[PDB]
């Protein structure tokens, strides 16, 4: 039986590699989005070598004392999730999960000796993201669903802003809200939904990409902008030379002249230039599309003239530029050359994408999981990848301090001393102070800021 697993994290900060999770929530459902089984909710105990981002806490209303009280350790946290995620024929999804939540999962698994990717493909599993779905439905097939406007008068695709606009900040509350919004797009606009669902697989999306012929495609993405209904026509120039999942798209709705005039070396420097300091010179209308990140791509005619007129996209302008691009192969020679160019971090936590782990290293990490916390140091394993030891020490020191001998306790105590420096704690203290002014007339916020300081004391 195929299933849908709607999830959402509530974390202590924006960096999934560097910030710890506070709460996880998830519900199992079926093809028609009907609840299977009971809702899964649990909290993660943050280790004693970390302090949360206050801004992230203020948003959540979840203190470290709460998570520490109600929750379990990150190794168990990583287990309970991996158990739910391993279940075969499961499609794991949420609201903007690919850009964030997934990245958490990957790290959590990476830090706790679980494979960081298997869950997204093994045993007929998959992942999906309902952000660009909502962004598509509005831009292509808006009938039947209400769309917010704000004081700016542009479409807001914030979950809370969508639920309230159609009559519907807790982790579990966000999941339901995600389901309701799925149901809402399914029931009202099922023909689009299914298309977006079946084309979540990069291997499917491939079918749309005819690079030599440069077949124009309808791309929906935030990076375009709300004023364009997050939508435009794009023509694939070429595959990314090093990265295989990336493909180089040229925006047909935009000034192409920079591509013809300026040479690669220039176009590059021009590509990575801020909009502020960029004067009268036009920006390079080129973006990468990452097929493995579930990007919305469809064929031109999916975007109908009337919709292009509603959104404000001069079809003709897109049709012209394509003729010129097809007329100027040298543009492809110029563009690809941009992306063929070649400052890593020391912190093992941040070394996820350094490379895949070998099979041998994999098995050993399966043995590390099997072996009891106390019996790990005795387990004289010969690893190949240098990250695994550093991961293993931190894994033990964070989740099972009781297993540490005096030297390891000293080495850890040093590591904590290197993190919690007087100036870091001063910066944190004044960051906390500032905020307590900024929300001076908010007792709920203050009470938290006091808990952050109280936490910032006792743990060091």
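Positions refer to the first chain, counted from 1.
Are any deposited residues left out of the model between residue 342 and residue 343, and how many (none, 1 to 3, 4 to 9, 10 or more)? 1 to 3 residues are missing.
According to the entry, how many residues of the deposited sequence fall between residue 84 and residue 85 and are not modelled? Options: none, 1 to 3, 4 to 9, 10 or more. The entry has no gap there; residue 84 and residue 85 are joined directly.
Comparing 154 to 162 with 101 to 109, which has the greater mean CA B-factor as deposited? The recorded data point to 154 to 162.
On mean Cα temperature factor in this entry, is 257 to 265 or 212 to 220 the higher one? Comparing 257 to 265 with 212 to 220, the higher average CA B-factor belongs to 257 to 265.
Would you mind checking which of 236, 88, 329, 71 has the top Cα temperature factor in the PDB entry? Spelled out: the listed residue with the top C-alpha B-factor is 329.
If you compare 381, 133, 118, 291, which has the highest Cα B-factor in the entry? Result of the comparison over 381, 133, 118, 291: 381.
Consider only the C-alpha atoms of the modelled residues in this chain, order them by B-factor as the entry records it, and name the third containing residue 455: lowest, middle or highest. Its C-alpha B-factor, which the entry lists for residue 455, ranks in the highest third among residues of this chain.
Among the modelled residues of this chain, does the Cα B factor of residue 127 put it in the lowest, middle or highest third? Lowest third.
Using only modelled residues of the chain, where does the Cα B factor of residue 397 rank: lowest third, middle third or highest third? Bottom third by C-alpha B-factor.
Looking at the entry's B-factor column for C-alpha atoms only, identify whether residue 323 ranks in the lowest, middle or highest third of its chain. Its C-alpha B-factor belongs to the highest third of this chain's values.
Residue 361 CA temperature factor, ranked by third within the chain: Answer is middle: the recorded C-alpha B-factor places it there.
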